[PDB]
Amino acid sequence: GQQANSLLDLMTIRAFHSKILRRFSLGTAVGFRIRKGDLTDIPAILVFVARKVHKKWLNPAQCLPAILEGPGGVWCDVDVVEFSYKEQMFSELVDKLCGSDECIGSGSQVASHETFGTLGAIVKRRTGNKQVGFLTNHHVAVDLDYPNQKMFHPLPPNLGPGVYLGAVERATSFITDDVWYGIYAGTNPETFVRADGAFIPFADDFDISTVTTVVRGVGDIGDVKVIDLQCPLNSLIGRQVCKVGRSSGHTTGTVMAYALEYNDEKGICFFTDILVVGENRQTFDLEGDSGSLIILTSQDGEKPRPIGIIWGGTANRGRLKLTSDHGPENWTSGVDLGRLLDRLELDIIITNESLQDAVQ
Amino acid sequence: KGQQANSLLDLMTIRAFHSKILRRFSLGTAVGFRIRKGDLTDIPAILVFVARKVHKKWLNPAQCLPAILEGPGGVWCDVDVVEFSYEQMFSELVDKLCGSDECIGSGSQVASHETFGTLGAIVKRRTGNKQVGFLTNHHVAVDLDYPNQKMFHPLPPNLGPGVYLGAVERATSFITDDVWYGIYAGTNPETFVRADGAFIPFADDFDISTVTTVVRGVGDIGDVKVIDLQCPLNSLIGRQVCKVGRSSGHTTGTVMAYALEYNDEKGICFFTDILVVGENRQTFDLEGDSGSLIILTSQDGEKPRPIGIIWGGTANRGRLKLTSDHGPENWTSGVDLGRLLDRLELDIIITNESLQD
Amino acid sequence: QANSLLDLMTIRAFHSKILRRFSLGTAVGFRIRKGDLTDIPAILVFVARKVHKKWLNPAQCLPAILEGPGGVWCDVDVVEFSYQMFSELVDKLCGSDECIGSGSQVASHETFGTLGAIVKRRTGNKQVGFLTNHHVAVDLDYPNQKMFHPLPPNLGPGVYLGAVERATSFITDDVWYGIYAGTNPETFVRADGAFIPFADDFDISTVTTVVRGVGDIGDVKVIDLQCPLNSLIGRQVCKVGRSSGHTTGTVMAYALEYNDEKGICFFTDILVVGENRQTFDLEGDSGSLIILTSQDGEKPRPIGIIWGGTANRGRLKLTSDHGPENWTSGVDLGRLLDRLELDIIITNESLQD
Ligand SMILES: Nc1ncnc2c1ncn2[C@@H]1O[C@H](COP(=O)(O)OP(=O)(O)OP(=O)(O)O)[C@@H](O)[C@H]1O
Ligand SMILES: Nc1ncnc2c1ncn2[C@@H]1O[C@H](COP(=O)(O)OP(=O)(O)OP(=O)(O)O)[C@@H](O)[C@H]1O
Ligand SMILES: Nc1ncnc2c1ncn2[C@@H]1O[C@H](COP(=O)(O)OP(=O)(O)OP(=O)(O)O)[C@@H](O)[C@H]1O
């Protein structure tokens with residue numbers, strides 16, 4: 001008879017009641033109840049519909065209950081959100097990240113022969129030789145069917161001047177929920193979590209001595225921050241995050257929901273990790289920022305800690321409307337950094353001391 | 001040496017008397033107040049809508065319209081040359097008129113299986129059953145490619161949640177000028193005015209107890225104000241009007257011309273009744289506002305009076321230049337409420353105690 | 001065993017729930033086996049694709065026998081639905097003639113069409129005219145159009161025929177058929193029809209009653225819903241159209257029921273397919289008269305009017321070593337006549353008087 005106070009409890013409650021909510025919803029996530037336009041502190045399951053019609057034009061069989069109970073007597077609220085399923089910045093930071101700098105690092109532009117992207121972090125393989133490289137999104141890194149994919153910065157040789165970074169070695173795709181979350185967050189045989197990743201070691205002839213580990217526009221970042229499923233709920237949802245992109249530069253935002261699910265028509269259930277909406281009714285990211293690091297804003301004057309990377313373009317998928325008298329605002333979807341570094345056995349490099357010593 | 005134009009009727013027949021030279025090089029013609037230097041004056045005139053207003057140095061005398069016309073009994077009036085061509089709001093009212101409220105009324109969103117529209121008002125038929133329904137335009141109501149077209153609010157069941165309102169009962173199509181105005185306004189055997197409208201009865205099992213007469217943004221409206229065609233010209237032209245729409249919310253405007261006539265290539269001459277332009281170069285209605293009530297803004301502190309409804313959502317039909325320091329601004333066309341209340345015989349409900357009878 | 005149409009629609013109405021699960025439509029006719037029609041009454045089930053009964057779930061295998069009230073049984077057939085001629089007749093039906101008649105080209109300001117038969121209202125003034133399809137006759141937002149032959153004055157030389165007076169919209173099956181053919185509150189039997197009176201100043205002396213290319217037709221033939229099944233299904237039909245000219249065909253099925261994703265049930269009356277793997281009407285023959293081929297030295301009798309515009313649309317795909325064939329939909333010209341209360345002037349004596 002207790003109230004949910006962690007992400008695991010809400011995820012288990014949604015798993016118990018997966019069939020009721022999905023009947024008239026375009027998606028479902030777990031977070032904080034949104035009332036009168038801003039987050040409250042009451043845990044709730046956020047269900048996503050296409051329109052919020054007053055419950056006077058709804059038959060009784062379409063009015064979702066506001067309270068659900070799960071295993072062991074855990075209850076939580078139900079909140080209904082109105083979901084929906086090119087302004088490039090010009091500044092001194094975008095120019096440097098697009099290749100007008102003397103060094104490469106996080107937020108820099110990485111390109112293939114066909115698509116652009118954004119450099120993520122500078123990572124390290126935890127096993128074997130422990131080569132040095134970087135990690136990004138495979139939708140900009142791996143072309144489905146050319147046999148080899150090479151990395152160039154800023155542009156490929158067939159499009160402009162650039163240098164050859166490396167080749168894709170390991171790439172990730174949708175994985176089962178059991179390995180990712182550790183629980184059965186659903187009643188479907190085929191539930192996959194989309195977490196793109198790509199480890200590209202630097203070439204043996206590369207000039208790696210002109211790379212940096214500090215984030216341009218954020219300063220110095222700390223060690224990676226893992227997301228625990230049984231921690232207080234106000235530790236992930238409702239916090240302040242930032243991003244450095246090649247197209248939009250430094251942008252700020254906040255975390256709105258966790259564990260977004262889509263349920264395509266063919267029957268496969270796809271989970272999306274994080275939901276980020278920009279601040280001051282701005283956009284958190286453009287299209288082309290896929291790969292940029294997502295870092296929590298420093299609190300009580302500590303070192304900011306990356307918590308994930310941007311999946312890609314969410315404008316095509318749609319936007320969301322927070323209860324207000326203003327127009328809808330788009331969102332941004334992320335991926336957990338911890339279980340994307342564990343699945344690839346990668347280590348975050350924050351300073352040059354761990355870079356110089358491990359380049360041997 | 002005679003009398004000057006001083007009203008709408010019998011000085012609009014002056015255009016009928018001279019409908020031979022007016023439309024040779026013009027896209028249309030209306031009657032109202034002369035516009036000079038961008039402001040509306042008080043001299044009655046006949047506005048001539050051309051697609052390009054050049055200075056009188058590059059015109060042969062053939063296409064130079066005179067500034068004075070004559071009619072029956074020695075009546076004269078001026079001639080005006082006007083340049084004339086032929087994304088919803090996000091606020092709280094817009095949200096309340098699309099299903100976020102607990103009541104329905106004028107300005108509410110009414111939808112069919114294909115189109116979108118706005119609720120006109122709450123009405124009663126003056127004979128027979130006397131059931132309380134509502135009225136709108138038919139470009140949203142009727143379809144002749146379906147036997148039944150039903151109304152849902154906010155959305156049809158095949159597009160989203162909603163409630164069933166009713167079906168179309170009466171919708172008079174384009175109607176001739178003789179019964180509408182009374183005068184033979186034109187020398188064309190086939191002259192029609194597009195008085196689109198549709199009376200839609202409420203469902204038998206529809207909850208009446210959740211509908212209202214409040215305009216939701218104008219306050220309380222009075223009895224319908226008929227456009228009497230024997231009053232001075234300063235009774236319709238130049239007054240302030242307003243509307244409530246599902247897309248554009250609540251806006252305001254002014255009346256510039258009356259009885260705008262349009263002739264197509266096939267030969268049929270079509271009259272449009274009311275010309276409205278926005279204030280401060282703002283728009284008066286978006287696309288999807290067709291069927292919204294047009295209400296005169298009340299002066300001297302009386303109750304506002306509805307005088308018409310919006311014909312169609314304008315984005316393609318209308319652009320006119322008033323001043324030579326700003327770009328063209330679109331206009332909105334309306335239909336008289338009071339002769340559309342006669343061919344669709346009705347009675348407007350203005351209080352909440354006329355809903356319980 | 002059913003031996004008529006009346007008890008053939010009744011079984012489908014009784015079993016209109018299991019059939020609609022995996023079908024694009026349903027009609028009543030004769031069983032088709034190996035590409036030819038048999039003499040066994042059956043119910044045609046129009047699926048999107050034919051597969052062998054081994055890649056199908058047990059609930060997706062439609063039974064071959066259904067029963068209805070009164071202990072009457074019928075077979076079930078599964079069909080695979082897939083929902084200008086240059087001659088001297090096409091020229092004479094397009095404006096080169098010295099007279100107007102059946103099969104002539106009639107045009108509105110927007111669309112083209114085809115004249116049907118010369119008709120006469122049975123009450124009131126009894127003034128002559130003609131009847132055709134309203135998707136040519138009526139422009140909806142302008143009810144009473146003017147009729148011109150061959151072309152409107154804004155498109156070419158022509159003469160003014162008249163203006164539409166009465167037009168037929170969707171009709172419910174209660175008045176049309178008589179039986180409640182369907183357990184659906186909204187079942188519509190949308191028979192196109194439009195009587196266009198001739199103008200008072202029309203010459204009328206240049207109007208014929210013989211069908212160009214068929215000769216002299218007899219009186220109209222009504223379709224009785226309870227008769228021997230080989231009286232309508234399996235017969236030979238023909239037409240005279242403005243676009244394709246004379247063309248022969250064969251009636252395939254009766255009372256076709258197509259569906260739309262709105263919940264409202266519709267009905268189509270007559271199914272016709274071409275002969276020798278040809279097309280029955282290409283485009284613009286909407287309104288052409290459907291006439292049974294003369295049998296045993298008789299006079300051909302009109303039995304329907306083409307709905308039209310179903311060549312670049314519906315294909316009657318067969319699973320017997322060939323490409324899809326085109327089907328044409330028609331409407332019974334006995335009830336289109338009755339509910340508009342008209343006649344059929346078959347000879348010159350009834351036109352003059
Ligand atoms: N399937 C549905 N589609 C559209 N609207 C619905 C549906 N189900 C419920 N609603 C409406 O959603 C309303 C509640 O949204 P919500 O759950 O957030 O309440 P809230 O947070 O208290 O209020 P607020 O709207 O102020 O954010 C319900 O009370 C009902 O009016
Ligand atoms: N067919 C035409 N096309 C373009 N311009 C025309 C045409 N006919 C007349 N004009 C010119 O329009 C000008 C007159 O406009 P108007 O009729 O408004 O007078 P006005 O009200 O005194 O001036 P304004 O409104 O511009 O201050 C004259 O130069 C007139 O010749
Ligand atoms: N829903 C369906 N979709 C596709 N195919 C089906 C379906 N149901 C049945 N079938 C196949 O259709 C076959 C029969 O078609 P039909 O009913 O006409 O038999 P038939 O006339 O004896 O043979 P023929 O195919 O020679 O015309 C079934 O026996 C089965 O093989």
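Residues numbered from 1 in each chain as written, not as in the entry; some residues may be left out. Chains lettered and ligands numbered in written order. Part of a larger assembly, values for the part shown. Heavy atoms only, no water.

Asker: Quick question: what am I supposed to make of helix α1 (residues 6-14) of chain C here?
Answerer: An α-helical turn contains 3.6 residues, so a residue and the one three or four places further along point in the same direction. Turning to α1 of chain C, its buried residues number three or more, namely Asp-7, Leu-8, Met-9, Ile-11, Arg-12 and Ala-13 of chain C. Residues of α1 of chain C that are buried make contact with β1 (25-33), β2 (36-47), β3 (65-68), β4 (72-82) and β13 (245-258) of chain C. (Buried < 20%, exposed > 50% of the residue type's maximum accessible area, 1.4 Å probe, protein only. Helix = DSSP H or I, 4+ residues; strand = E, 2+ residues; numbered from the N terminus. Contact = heavy atoms within 4.5 Å.)

Asker: Would you mind showing me how to read the interface of chain B and chain A here?
Answerer: Where interface size is given, it is often the accessible area lost as the parts come together that is meant. Taken together, the contact between chain B and chain A spans 18 residues of the former and 14 residues of the latter. Summed over both partners, the interface of chain B with chain A buries about 1200 Å², with 59% contributed by carbon and sulfur atoms. Among the residues of chain B in contact with chain A, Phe-90, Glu-102 and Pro-161 of chain B are the three that bury the most area, contributing 36% of the side total. Remark: the boundary between chain B and chain A carries 0 salt bridges. Counted by class, the side of chain B that touches chain A contains 8 nonpolar, 6 polar and 4 charged residues. (Buried area = accessible area lost by both parts, 1.4 Å probe. Salt bridge = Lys/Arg side-chain N within 4 Å of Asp/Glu carboxyl O. Nonpolar A, V, L, I, M, F, W, Y, C, P; charged D, E, K, R; others polar.)

Asker: Honestly, the arrangement of the chains in this entry has me stumped. Any pointers?
Answerer: The chain pair with the greatest number of contacts, out of 2 pairs of chains in contact, is formed by chains A and B. Separated throughout, chain A and chain C approach each other most closely at a C-alpha pair spaced 18 Å apart.

Asker: What am I meant to see in unusual backbone geometry here?
Answerer: One can expect most non-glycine residues to show negative phi and most peptide bonds to be in trans. With omega at 0°, the peptide bond leading from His-153 of chain A into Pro-154 of chain A counts as cis. Its place among the elements puts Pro-154 of chain A in strand β8 (residues 150-154). Of note in this structure, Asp-300 of chain B is not a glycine but carries a positive phi near 60°. We note that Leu-140 of chain C has phi near 45°; this positive angle belongs to a residue other than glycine. With respect to the helices and strands, the residue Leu-140 of chain C is situated in the loop between α3 (134-137) and β7 (146-150). Under the relative-accessibility criterion, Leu-140 of chain C is labelled partly exposed at 34%.

Asker: For this particular structure, what's the right way to read the interface of chain C and chain B?
Answerer: Across the boundary between the two partners, chain C contributes 14 residues, which contact 16 residues of chain B. Both faces combined, the contact of chain C with chain B buries some 1400 Å², and carbon together with sulfur accounts for 63% of it. In terms of surface lost to chain B, no three residues of chain C exceed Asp-141, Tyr-142 and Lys-262 of chain C, which account for 39% of the buried area on that side. Our count for the chain C to chain B interface comes out at 1 salt bridge.

Asker: Whenever I open this one, the site of ligand 3 confuses me. Can you help?
Answerer: Residues and elements named next belong to chain C. Surveying the vicinity of ligand 3 reveals 15 residues, the closest of which are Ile-32, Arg-49, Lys-50, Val-51 and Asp-77. A distance of 3.4 Å is found between an oxygen atom of ligand 3 and a backbone nitrogen or oxygen belonging to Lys-53. Contact distances for ligand 3 include 3.4 Å between a nitrogen atom and a backbone N or O atom of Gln-60. The protein chains hide 75% of the 620 Å² of surface that ligand 3 would expose on its own. Listed by contribution, the elements that provide at least two residues to the shell around ligand 3 are β1 and β4. Here the shell around ligand 3 is built from residues that sort into 6 nonpolar, 2 polar and 7 charged. (Near = heavy atom within 4 Å. Polar contact = N/O pair within 3.5 Å; in protein donor to acceptor, adjacent residues only side chain to side chain. Areas by Shrake-Rupley, 256 points an atom, 1.4 Å probe, with all protein chains shown as cover.)

Asker: What should I look at first to understand the site of ligand 2 in this one?
Answerer: All names here are of chain B. In the vicinity of ligand 2 lie 13 residues, with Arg-34, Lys-37, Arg-52, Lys-53 and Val-81 positioned nearest. With respect to ligand 2, the backbone of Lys-37 contributes an N or O atom lying 3.2 Å from an oxygen atom. Within the contact set of ligand 2, a nitrogen atom lies 3.1 Å away from a backbone nitrogen or oxygen of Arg-52. Isolated, ligand 2 exposes 620 Å² of accessible area, and the fraction of that covered by the protein chains is 75%. Only β2 (28-36) and β5 (75-85) provide two or more residues apiece to the shell around ligand 2. Per-element accounting of the shell around ligand 2 gives the leading share, 3 residues, to β2. Residue composition of the shell around ligand 2, by class: 5 nonpolar, 1 polar and 7 charged.

Asker: Please clarify how the pairing of strand β16 (residues 269-278) of chain A should be interpreted in this entry.
Answerer: Every regular strand shows the same layout, with side chains that alternate between the two sheet faces. All names here are of chain A. β16 sits mainly inside the fold: 10 of its 10 residues count as buried. Sheet analysis places strand β12 (residues 191-193) next to β16, joined by 3 bridges and oriented parallel. Bridge assignment links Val-193 to a residue of β16, and that residue is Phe-271. By the bridge criterion, 7 bridges tie strand β15 (residues 249-261) to β16 in an arrangement that is antiparallel. Opposite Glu-261, over in β16, you have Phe-271 as the bridge partner. (Pairing = 2+ DSSP bridges.)

Asker: Explain the state of the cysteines here, please?
Answerer: Note on terminology: disulfide describes a covalent bond linking the sulfur atoms of two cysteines. Applying the stated criterion to the full structure yields 0 disulfides over all chains. With no disulfide partner, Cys-103 of chain A has as its closest neighbouring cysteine sulfur the one in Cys-98 of chain A, 14 Å distant. Free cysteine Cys-227 of chain C: the closest other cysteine sulfur is in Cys-74 of chain C, separated by 19 Å. A residue is classified by how much of its surface remains accessible, and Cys-227 of chain C, at 32% relative accessible area, is partly exposed. (Disulfide = S-S within 2.5 Å.)

Asker: How should the pattern of salt bridges be read in this particular structure?
Answerer: Where charged atoms from two side chains of opposite charge approach closely, those side chains can pair. On inspection of all chains with the given rule, the structure shows 31 salt bridges over all chains. Salt-bridge contacts for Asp-336 of chain A lead to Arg-339 of chain A; the nearest nitrogen and oxygen are separated by 4.0 Å. The same class applies to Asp-336 of chain A and to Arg-339 of chain A, which are both buried. Taking the shortest distance from any N to any O, the salt bridge between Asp-97 of chain C and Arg-212 of chain C comes out at 2.9 Å. Of this pair, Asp-97 of chain C sits in the loop between α2 (88-96) and β5 (118-120) while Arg-212 of chain C sits in the loop between β11 (193-197) and β12 (236-241), and the two are 115 residues apart along the sequence. For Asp-97 of chain C, a relative accessible area of 23% translates into the label partly exposed.

Asker: For this particular structure, what's the right way to read the sheet that holds strand β6 (residues 122-125) of chain A?
Answerer: Each strand in a sheet pairs with another by means of backbone hydrogen bonds, the pair being arranged parallel or else antiparallel. Residue and element names in this part refer to chain A. Judged by pairing direction, the sheet is antiparallel, and its 5 strands sit side by side in the order β10-β13-β7-β6-β21 without closing on themselves. Looking at strand neighbours, the two that pair on one side only are β10 (170-172) and β21 (346-348), the edges of this open sheet. Looking at each pair of strands side by side, their axes are set apart by 35° on average, direction ignored. As defined by bridge partners, β10 adjoins strand β13 (residues 197-201) across 3 bridges and the pair is classed as antiparallel. (Axes fitted to C-alpha atoms, helices over the stretch in contact; angles between N-to-C directions.)

Asker: Would you mind showing me how to read a nonpolar patch on the surface here?
Answerer: Nonpolar side chains collect at one region of the surface, where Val-54, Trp-58 and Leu-59 of chain B lie side by side and expose about 320 Å² of accessible area between them. Positionally, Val-54 of chain B belongs in the loop between β3 (39-50) and β4 (68-70). (Patch = residues over 30% accessible without salt bridge, like charges linked within 9 Å, V, L, I, M, F, W, Y side chains within 5 Å.)

Asker: Teacher, can you tell me more about the side chain of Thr-118 of chain B here?
Answerer: All names here are of chain B. Structurally, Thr-118 is set in strand β7 (residues 116-118). Side-chain polar atoms of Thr-118 contact the backbone oxygen of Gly-288, separated by 3.1 Å. Other than its neighbours up to four places away in sequence, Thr-118 contacts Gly-107, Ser-108, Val-110, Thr-136, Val-244, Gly-245, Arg-246, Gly-288, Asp-289, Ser-290, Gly-291 and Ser-292.

Asker: When you look at the side chain of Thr-41 of chain B in this model, what are you seeing that I'm missing?
Answerer: Residue and element names in this part refer to chain B. Take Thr-41: it is sitting in strand β3. Among the polar contacts listed, one links the side chain of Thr-41 to the backbone oxygen of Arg-34, at a separation of 2.5 Å. Other than its neighbours up to four places away in sequence, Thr-41 contacts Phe-33, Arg-34, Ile-35 and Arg-36.

Asker: Is there a simple way to think about the sheet that holds β11 of chain C in this case?
Answerer: Residues and elements named next belong to chain C. Read from one edge to the other, the open sheet built from 4 strands follows the order β5-β6-β11-β9, with strand pairing classed as antiparallel. At either end of the open sheet lies a strand with only one pairing partner, and these are β5 and β9 (166-168). Across the sheet, the mean angle separating the axes of adjacent strands is 35° when strand polarity is ignored. Taken together, the 3 bridges between β9 and β11 define a ladder with antiparallel strand orientation. Bridge pairing in β11 places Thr-168 opposite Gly-193.

Geometry only, nothing functional implied.
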